[PDB]
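Residues in the sequence shown are numbered consecutively from 96, following the authors' numbering.
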Amino acid sequence: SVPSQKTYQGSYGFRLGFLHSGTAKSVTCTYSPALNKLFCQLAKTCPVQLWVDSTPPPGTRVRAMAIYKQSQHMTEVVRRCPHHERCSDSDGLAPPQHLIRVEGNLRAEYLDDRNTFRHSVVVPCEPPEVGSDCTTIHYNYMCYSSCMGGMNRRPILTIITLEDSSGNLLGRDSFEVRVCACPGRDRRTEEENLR
Ligand SMILES: O=C(O)c1cc(I)c(-n2cccc2)c(I)c1O
Ligand SMILES: [Zn+2]
């Protein structure tokens, strides 16, 4: 009924990392460590780093899935709103209903779960480029948090899972997401509210 959100580094020491983009009104994606919350604009690039202590086996994959954060909504499938699922902004791979896309990876696969009806997007693990210490996946979020008939101002979490070739759990991390017009201002506002 509800995917686990328990942080689990597992055998390979799996965890996420985020850039330090600041909170200028012009910023398009910015992460708050104090809130564990990513703020981003609609359909803009969200770089998410993958870090490990040791190399996972060939065939390991990384999956992203959104769930509602509030318990009274957690059994509801997170999907694009009635407007955005029909706006024909397909990239040729992502189903138009899916909130989360992976950008610039032809090996991305999109799953509609046959039992839970939840959406996810999964990519193969690839080693860092020479000179880099981590691998970065570029995600896009294809609806605003405020979209009527969709997320409708309800907070969501993105759950990132490291999986073996059969889909068994190897590692898990997560972060809250707000998709909004002004991520810099909203991050500043929410961090102030927390303080
Ligand atoms: O240093 C390595 O050998 C390495 C290998 C892999 I495969 C990955 N990875 C884990 C998830 C996606 C890529 C990473 I992050 C690494 O640092
Ligand atoms: Zn929408």
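A virtual CB, placed ideally from N, CA and C, is assigned to each residue, including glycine.
Rounded straight-line distance, which links the Cα of residue j to that of residue i
i, j, result
"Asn247", "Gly154", "37 Å"
"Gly245", "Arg280", "23 Å"
"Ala276", "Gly105", "36 Å"
"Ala138", "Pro223", "25 Å"
"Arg174", "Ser240", "11 Å"
"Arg181", "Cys242", "13 Å"
"residue 72", "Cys220", "Outside the shown range of the chain, which is 96 to 290, sits residue 72, and nothing can be said about it."
"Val147", "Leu194", "27 Å"
"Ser260", "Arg290", "43 Å"
"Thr256", "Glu271", "15 Å"
"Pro191", "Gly262", "24 Å"
"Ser269", "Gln100", "7 Å"
"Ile251", "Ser166", "11 Å"
"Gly117", "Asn235", "19 Å"
"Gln136", "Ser227", "27 Å"
"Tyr103", "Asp186", "32 Å"
"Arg267", "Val172", "20 Å"
"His115", "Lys132", "13 Å"
"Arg110", "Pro152", "16 Å"
"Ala129", "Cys141", "18 Å"
"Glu258", "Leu201", "19 Å"
"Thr284", "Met160", "26 Å"
"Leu264", "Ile254", "12 Å"
"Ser121", "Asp184", "24 Å"
"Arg196", "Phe134", "16 Å"
"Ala189", "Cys238", "14 Å"
Cβ-based neighbour list, residue i, same chain, cut-off 6 Å, excluding 5 preceding and 5 following
i, result
"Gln144", "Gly112, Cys229, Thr231"
"residue 291", "Residue 291 lies beyond the range of the chain shown here (96 to 290); nothing can be said about it."
"residue 331", "Only positions 96 to 290 of the chain appear in the structure, and residue 331 is not among them; the question remains open."
"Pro177", "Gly244"
"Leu206", "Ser215"
Cut-off 8 Å between Cβ atoms - residues of its own chain near residue i, not counting five sequence neighbours on either side
i, result
"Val97", "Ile162, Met169, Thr170"
"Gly199", "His233"
"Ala119", "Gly279"
"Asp208", "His214, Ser215"
heavy atom of ligand 3 below 8 Å from residue i C-beta
i, result
"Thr230", "Looking for ligand 3 in the displayed structure turns up nothing; the ligands present are ligand 1 and ligand 2."
Own chain residues within Cβ distance below 7 Å of residue i, not counting five before or after
i, result
"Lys164", "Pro250, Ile251, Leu252, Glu271"
"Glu286", "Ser127, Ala129, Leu130"
"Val225", "none"
Could you please go through the chain and list the residues whose beta-carbon is closer than 7 Å to any non-hydrogen atom of ligand 2? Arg175, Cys176, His178, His179, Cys238, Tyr239, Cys242, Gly245
Is it true that the stretch 204-213 meets the stretch 123-131, where meeting means three or more beta-carbon pairs spaced less than 8 Å apart? no
Uninterrupted beta strand (DSSP E) stretches inside the stretch 147-232 (no shorter than 3 residues): 156-163, 195-197, 204-207, 214-219
Please give the ranges of any alpha helix (DSSP H) in the stretch 227-289, keeping only runs that are unbroken, at least 4 residues long and fully inside the region. 278-289
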